[PDB]
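Heads up, the chain below is alone and in the form deposited in one PDB entry; it's given as structure tokens.
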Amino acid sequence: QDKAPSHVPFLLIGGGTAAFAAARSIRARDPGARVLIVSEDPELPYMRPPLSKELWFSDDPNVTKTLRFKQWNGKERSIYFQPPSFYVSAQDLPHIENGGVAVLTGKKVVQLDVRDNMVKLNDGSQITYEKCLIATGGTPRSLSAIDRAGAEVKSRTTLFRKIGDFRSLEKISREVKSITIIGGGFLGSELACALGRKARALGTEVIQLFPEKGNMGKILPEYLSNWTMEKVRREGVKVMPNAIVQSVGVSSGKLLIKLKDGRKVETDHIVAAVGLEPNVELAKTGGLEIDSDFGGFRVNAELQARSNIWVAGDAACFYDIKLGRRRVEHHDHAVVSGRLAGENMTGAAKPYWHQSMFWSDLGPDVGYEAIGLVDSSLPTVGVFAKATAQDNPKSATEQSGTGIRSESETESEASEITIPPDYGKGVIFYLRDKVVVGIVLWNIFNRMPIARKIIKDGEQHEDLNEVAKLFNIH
């Protein structure tokens, strides 16, 4: 019966990626530190990317119990950041010799009293802190057509975010004839591909619909958005672009989605993958400033919301050194900003100047990376080439030993860049006035430090075909 201590020097609210990175950082710099993670979920801290990717590519019926997945290179890894025995119990935390990290699982912080340096849990427990990190992440947006459809439809809609969602949806995948994914972004498309692969064996149907002309249409320019839609269609998924959902109802036991254009889609289950809402409930009681335009808790350069409260990960609205106020949903960001928060809580006093990278794999054969401002409404220049046999996530994993792309790319920008004297890979430059403000890499790995350097420098480029040569495109 894990009992909450009355006081902890370091209190981390939320037990996700950013919390874990902070906990690691605090203990590295203060080897006797006493750190408590308070986590709403019943599980110990775990990474999210495998939930839409490697966990679905497995013959092992046992993997939904163990959550020990095989990477694209065949090697097993646990979804948990560390073995459960590396944590100490919450009750031992205040006086165990040499300190430790405890996690109170199944407990939610429902009140933050910043002037009293205290939080209240859902069970009424009160805990004081010396330093606090808010790392509450986000909650999935629902579709208003689902929200207004009643309990029956809502009960047959998954918002895909946690271990529990993976297990429920994997079970649904084996039991029903038709599943529809609403949303064309990277998560929607990853699940389309995962579900489509399962459906081929089973002889069942997977549909993906969304309002854009093609997959990832808000990010990717037409050529690659269209190319991705073709790749998902090659997995056996019925992809419906230009689809605006008017309503969803139940008809003769099936869900019936009505689209504005007049088409109607019958299906057994819906997965909504339509973005995230930063979890800022605590800002009310806390009196903490939130950003109305981008969402999230506002923080300064050191990730502080208050002299002794920091924010990291998806819940933070930070000042991007290039782009201004910003919020992101990037594993890399959660790790680096968590880590930095931990350092600043142990006296580093350093600013968040990192340029956060994103990646997505649609299976072992197709991958993407992105950095900076990537928006398909911006002017773009794409340079493409035929793929070599090494230009895919599987080969990147083989080479690096990891499927967590942000781990293998490193965090740094290249020290210098010197341009040297059908398509299946390329680089997309997003432009403002000949300056590169964002880059998408399609099946190009180990070049993120070059992309970070190009954006950081912020020079004008006369010829992006020359710059593409840095990405081994020519």
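Note that residue numbering follows the sequence shown and begins at 1. The term rigid core refers to the maximal set of C-alpha atoms that superpose within 1.5 Å between the two forms.
For the cut-off of one third of the other compared entries, residue 387 qualifies: that many or more give it no coordinates while modelling its flanks. When the other compared entries with both flanking residues are checked, residue 96 is modelled in all of them, not unmodelled in a third.
The modelled chain breaks between residue 421 and residue 422, where 10 or more residues of the deposited sequence lack coordinates. Stretches 86 to 94 and 326 to 334 differ in mean CA B factor, with 86 to 94 having the higher one. When the mean C-alpha temperature factors of 439 to 447 and 56 to 64 are read from the deposited coordinates, 56 to 64 comes out higher. Set against one another, the Cα B-factors of 296, 164, 287, 196 in the record reach their highest point at 287. In this entry, the residue among 207, 345, 303, 276 with the greatest C-alpha B factor is 276. Per the deposited record, the Cα B-factor of residue 177 falls in the middle third when ranked against the other modelled residues of its chain. Residue 29: CA B factor lies in the highest third for its chain, per the PDB record.
Per the PDB record, residue ranking by Cα B-factor puts residue 154 in the middle third of the chain. Among all modelled residues in its chain, residue 138 ranks in the lowest third by Cα B-factor.
Annotation for residue 234: C-alpha temperature factor in the lowest third relative to the rest of the modelled chain, per the entry.
Quick note: we don't show the form deposited in another entry, though the next part is all about it.
The comparison between the shown form and the other one, aligned on the rigid core, picks out a single residue among 365, 92, 277, 281 whose CA moves by 2 Å or more, and that residue is 365. A movement of the C-alpha atom of residue 65 falling short of 2 angstroms is seen between the shown form and the other one when the two forms are aligned on their rigid core. The Cα shift for residue 323 between the shown form and the other one, taken after rigid core superposition, is 2 angstroms or larger.
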